[PDB]
2 protein chains.
Amino acid sequence: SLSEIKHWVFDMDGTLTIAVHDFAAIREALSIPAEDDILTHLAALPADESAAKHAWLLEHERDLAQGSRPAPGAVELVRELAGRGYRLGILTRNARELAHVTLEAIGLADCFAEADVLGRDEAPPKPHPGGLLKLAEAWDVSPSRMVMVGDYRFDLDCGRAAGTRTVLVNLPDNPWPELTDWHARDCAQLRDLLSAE
Amino acid sequence: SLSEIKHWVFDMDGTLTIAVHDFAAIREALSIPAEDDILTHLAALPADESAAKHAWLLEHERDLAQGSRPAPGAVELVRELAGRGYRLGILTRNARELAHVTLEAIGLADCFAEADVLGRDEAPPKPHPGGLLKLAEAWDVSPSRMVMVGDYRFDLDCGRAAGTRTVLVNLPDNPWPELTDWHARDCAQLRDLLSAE
Ligand SMILES: [Mg+2]
Ligand SMILES: [Mg+2]
């Protein structure tokens, strides 16, 4: 049962936080009417114009980015787990300092012990198991009793390599069934699963 | 007339080259059937699943990127202009060395004099006019007789600031009419415009 796992490890980008983008710049560049939602409008254009505009959006993802915000239900999930006294960690490609700043920004800095936030300098890149093995050792716990929560195949591969359980969030379905122990559309639904199962 | 302009300056990313992405990874992550085109499939999903999957694609643009390839008609346009004996330049945020490598990769290194490829270290970031002013001076030409070709508002703003003519490519329409002297869906159509007008 998911509620039996008391040691949780989170990816950051795409899991606890998501990139936000300049909506007004997007609307101007792609000629979206104010009364239309961006994606709904693009989906309704002729296929060739839709493809061209989507390709442009993707090409300029970084130009249009404006930092990040908490992913849906992420703050809620982490606070729920922290409230249970569970042990929480982070395994991110970000530098530890930046991860720290982000955690403070989204109001979750107090939910993770500083030593349990592993960044660029503390662990090899996913899907290398190193970071999870480090946490498992620091926590004196079997990996089979930890869960790795992520949104990308490398997060799941990392969990499988280290031997932890794995959770996919922030996709609506189950694209890697064999790599994925639990899946939820987002952290809010994951919190619901935790509560029910 | 466009054919009267004999001094042309190109942006790189999004104009002469475009990022390519890992199609197989995308298809696996978003559960796209082999017989479906990715975008057409997403456009046909329920709106909520479509939005979630598009947001994921955008969030992982850099994870899914696999270098770049020539933009449609770009090699053809540059060779056509070089063949006319026109003077050609580049104004890119990329380091000059990388711009050089890219130009070699796509077979256009011989179309630009090395001194006329301005990168990170040779010119301030768009939309600062500096890079175009530098080329105009090096070429002993009035900016009104140069054209800046780009795919982003900053390219057009840069041209307007320096006083060059401006061209938008790689969007299908005309989102910044006042900033844009000519627009074309891509470099191939731009070559056609050049030929006809
Ligand atoms: Mg991630
Ligand atoms: Mg560009």
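Naming convention: chains lettered A, B, ... in sequence-line order (proteins, then strands); numbering from 1 in each chain. Hydrogens, waters and symmetry mates play no part in the numbers below; they use all other heavy atoms, side chains included.
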Full working for side-chain contact (heavy atoms from CB on, under 4.5 Å) between B:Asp63 and A:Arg93: CA-CA 12 Å; B:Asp63 300 309; A:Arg93 72 196 158 194; 2.8 Å; yes
Backbone of A:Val167 reached by a side-chain donor or acceptor of A:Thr180 within 3.5 Å: no
Residue pair B:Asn170 / B:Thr15: nearest heavy atoms and the distance that separates them: ND2-O, 3.3 Å
Steps toward salt bridge (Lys or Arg N to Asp or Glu O under 4.0 Å) verdict (A:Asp181, A:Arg160): CA-CA 10 Å; A:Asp181 294 309; A:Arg160 284 285 183 258; 3.0 Å; yes
Check against side-chain contact (heavy atoms from CB on, under 4.5 Å), B:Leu118 and B:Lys134: CA-CA 9 Å; B:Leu118 308 186; B:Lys134 188 162 162 59; 4.0 Å; yes
Pairwise side-chain contact, A:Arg153 with B:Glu28, heavy-atom cut-off 4.5 Å (strictly under): yes
Heavy atoms from other residues, nucleotides or ligands near CD of A:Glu178 exceed 12 (cutoff 6.0 Å): yes
Linked, directly or transitively: B:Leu133 and B:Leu179 (ILVMFWY side chains, under 4.5 Å): no
Spacing of CD belonging to B:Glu76 relative to CZ belonging to B:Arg191, to within rounding of 0.5 Å: 9.0 Å
Backbone of A:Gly119 reached by a side-chain donor or acceptor of A:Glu122 within 3.5 Å: yes
Contact summary for A:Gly107 and A:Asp110, nearest pair of heavy atoms: O-OD1, 3.9 Å
More than 12 heavy atoms from other groups under 6.0 Å of CG on A:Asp121: yes
Heavy-atom closest pair, residues B:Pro124 and B:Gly131: CD-N, 4.2 Å
Stepwise side-chain contact (heavy atoms from CB on, under 4.5 Å) check, A:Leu91 with A:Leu132: CA-CA 8 Å; A:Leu91 179 56; A:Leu132 297 176; 4.0 Å; yes
Flag if over 12 foreign heavy atoms under 6.0 Å of NE2, B:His41: yes
Donor-acceptor contact below 3.5 Å, side chain A:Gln189 vs main chain A:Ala184: no
Within 6.0 angstrom of B:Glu197 CD, more than 12 heavy atoms from elsewhere: yes
ILVMFWY cluster, A:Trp8 and A:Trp182 together (side-chain gap under 4.5 Å): yes
Interatomic spacing from CG in A:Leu135 to OG1 in A:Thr164 - rounded to 0.5 Å: 10.0 Å
Any A:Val9 side-chain heavy atom under 4.5 Å of A:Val149 side chain: no
ILVMFWY cluster, B:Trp56 and A:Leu39 together (side-chain gap under 4.5 Å): no
Euclidean distance, A:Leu108 CG relative to A:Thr102 OG1, rounded to 0.5 Å: 10.5 Å
Side-chain donor or acceptor of B:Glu61 paired with backbone N/O of A:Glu59 under 3.5 Å: no
Any donor-acceptor pair under 3.5 Å from B:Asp36 side chain to B:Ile38 backbone: no
A:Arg84, CZ atom: more than 12 neighbouring heavy atoms under 6.0 Å: yes
Nearest-0.5 Å distance, SG of residue A:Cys111 to CZ of residue A:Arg79: 7.0 Å
A:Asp37/A:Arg27 salt bridge by N-O under 4.0 Å criterion: no
Minimum heavy-atom distance between A:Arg87 and A:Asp116, given as atom pair plus value: CD-OD2, 3.8 Å
Side-chain donor/acceptor of B:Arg96 to backbone N/O of B:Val117, under 3.5 Å: yes
Flag if over 12 foreign heavy atoms under 6.0 Å of OH, B:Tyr86: yes
Exam field: side chain B:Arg165 to backbone B:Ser144, donor-acceptor pair closer than 3.5 Å: yes
Close side-chain approach of A:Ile18 and A:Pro72, heavy atoms under 4.5 Å: yes
Heavy-atom closest contact (B:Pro175 atom, A:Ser31 atom, distance): CB-OG, 3.7 Å
Donor-acceptor contact present, side-chain A:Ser50 to main-chain A:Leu42, <3.5 Å: yes
Sidechain-backbone polar pair: A:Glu4 side chain, A:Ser1 backbone, donor-acceptor under 3.5 Å: yes
Verify same cluster id: A:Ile26, B:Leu58 (apolar side-chain graph, 4.5 Å): yes
Between B:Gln66 and B:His21: side-chain donor-acceptor atoms closer than 3.5 Å: no
Intermediate values then yes/no, side-chain contact (heavy atoms from CB on, under 4.5 Å), B:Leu64 and B:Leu57: CA-CA 8 Å; B:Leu64 294 164; B:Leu57 192 47; 3.7 Å; yes
A:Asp155 side chain reached by A:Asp151 side chain, heavy atoms, under 4.5 Å: yes
Sub-4.5 Å side-chain heavy-atom contact between A:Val147 and A:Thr166: no
Atom pair OG (A:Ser68) and CD1 (A:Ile106), whose distance is rounded to the nearest 0.5 Å: 7.5 Å
Residue pair A:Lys126, A:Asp157: steps toward the salt bridge (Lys or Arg N to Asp or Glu O under 4.0 Å) verdict: CA-CA 8 Å; A:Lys126 296 164 202 161; A:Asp157 287 327; over 6 Å; no
B:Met12-B:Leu81 co-clustered via ILVMFWY side chain contacts under 4.5 Å: yes
Side-chain heavy-atom pair A:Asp186, A:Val169 within 4.5 angstrom cut-off: no
Ring center gap for A:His60 and B:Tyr152 short of 6.0 angstrom: yes
For A:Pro143 against A:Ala136, the heavy-atom pair lying closest together: CG-CB, 4.2 Å
Gap between atom CG of A:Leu16 and atom CD1 of A:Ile90 - 0.5 Å precision: 5.5 Å
Close side-chain approach of B:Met148 and B:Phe10, heavy atoms under 4.5 Å: no
Side-chain heavy-atom pair A:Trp176, A:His183 within 4.5 angstrom cut-off: no
